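**Q** Every letter in the sequence shown is one number past the one before it in the authors' numbering, and letter 51, counting from 1, is 51. Note that CB positions come from ideal geometry on N, CA and C, so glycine has one too. The following block contains the structure, expressed as structure tokens.
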Amino acid sequence: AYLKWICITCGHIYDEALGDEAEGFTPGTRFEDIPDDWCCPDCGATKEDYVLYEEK
Ligand SMILES: [Cd+2]
Numbered sequence: 001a002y003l004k005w006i007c008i009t010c011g012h013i014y015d016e017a018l019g020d021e022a023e024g025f026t027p028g029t030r031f032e033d034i035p036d037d038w039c040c041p042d043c044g045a046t047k048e049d050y051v052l053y054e055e056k
């Protein structure tokens with residue numbers, strides 16, 4: 001059950017089964033294993049801007 005995260009900063013949803021394609025988010029990367037090193041592909045901030053969509 002891949003979870004998704006929405007960046008409250010802009011409103012971008014992340015699909016654990018399809019994260020970023022330019023950085024290299026292979027299909028199967030849970031936000032848990034993605035520390036702050038990863039940022040938003042539309043903004044460029046830390047992970048604090050991303051939250052869990054439903055099922056929290
Ligand atoms: Cd964002």
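#1: Is it buried or exposed for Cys10, if we count other Cβ within 10 angstroms and need 16 for buried?
#2: Just how far apart, CA to CA, sit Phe25 and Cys43?
#3: For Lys4, which three-state DSSP category applies?
#4: Is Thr46 near ligand 1, judged by its Cβ being under 7 Å from some heavy atom?
#5: Measuring from the CB of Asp49, is there a heavy atom of ligand 1 at a distance below 7 Å?
**A** According to the structure shown:
#1: Mapped onto the sequence shown, residue 10 falls at position 10. Taking all protein chains in view, the Cβ of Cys10 is surrounded by fewer than 16 other Cβ atoms within 10 Å, so the residue is classified as exposed.
#2: Translated into positions along the sequence shown, residue 25 becomes position 25. Translated into positions along the sequence shown, residue 43 becomes position 43. Approximately 17 Å between the Cα atoms of the pair.
#3: Translated into positions along the sequence shown, residue 4 becomes position 4. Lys4: strand per DSSP, three-state reduction.
#4: Along the sequence shown, read from residue 1 onward, the residue named residue 46 stands at position 46. No, since every heavy atom of ligand 1 falls outside the 7 Å radius drawn around the Cβ of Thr46.
#5: Your numbering for residue 49 matches position 49 in the sequence shown. Checking every heavy atom of ligand 1 against the Cβ of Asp49, one is found closer than 7 Å.
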